[PDB]
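Before any questions on how it binds or moves, here is one chain, the form deposited in one PDB entry, in structure tokens.
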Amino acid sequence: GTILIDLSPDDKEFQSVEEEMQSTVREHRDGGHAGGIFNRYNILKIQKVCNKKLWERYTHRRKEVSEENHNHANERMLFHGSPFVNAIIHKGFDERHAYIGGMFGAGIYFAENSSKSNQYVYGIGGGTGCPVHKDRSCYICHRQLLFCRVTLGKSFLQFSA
């Protein structure tokens, strides 16, 4: 039941999503090893993901969290990069999209820096890079990220390197 609606670059929604993508690039301590060497992106397309069933599943859970946290869902918009973006948009997030080895345990990870999610597009640590050229810094091949609505509720603060 998923449909994808193209946003026009003239659309204010296209523009605000593009700006969050571009403005949250940073340099990475691997010197580009995982995600490539770049300061900015060439945005090719932004599509709205529309699935009624997946939306209702999110809003149901959002209300539960909110009622457990003085009516505060603590909702954010955050980036997710994954080799499984096509399965996610059709079936939703589930245990198969977890980072089993992540530093905060087996869960589904999101980033405020778009450039941090970019490091996972081709797998953990960038895998072997693009399928076509085996290049983690490929400037040719098309990449995809998700910009997601995430319910944090009461969040455990982990100070960390």
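One rule holds for the numbers: they count along the sequence shown, beginning at 1. Under this definition, the rigid core comprises the largest set of C-alpha atoms superposing within 1.5 Å between the forms.
- Comparing the deposited coordinates for 124 to 132 and 111 to 119, the stretch with the larger average C-alpha B-factor is 124 to 132.
- Mean CA temperature factor is higher for 7 to 15 when stretches 7 to 15 and 143 to 151 are set side by side in the entry.
- Of the residues listed, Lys53, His70, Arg26, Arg62, the entry assigns the biggest Cα temperature factor to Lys53.
- For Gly36, the recorded CA temperature factor ranks within the lowest third of the chain's modelled residues.
- In the PDB entry, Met77 places in the lowest third of its chain by CA B-factor.
Although it is not shown, the form deposited in another entry is what the next lines describe.
- If you fit the rigid core between the shown form and the other one, you'll see the Cα of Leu44 move by less than 2 angstroms.
- Here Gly31 does not count as shifted, since its C-alpha moves by less than 2 Å between the shown form and the other one after the core is aligned.
- Once both forms are fitted on their core, a CA shift of 2 Å or more is seen for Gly101 between the shown form and the other one.
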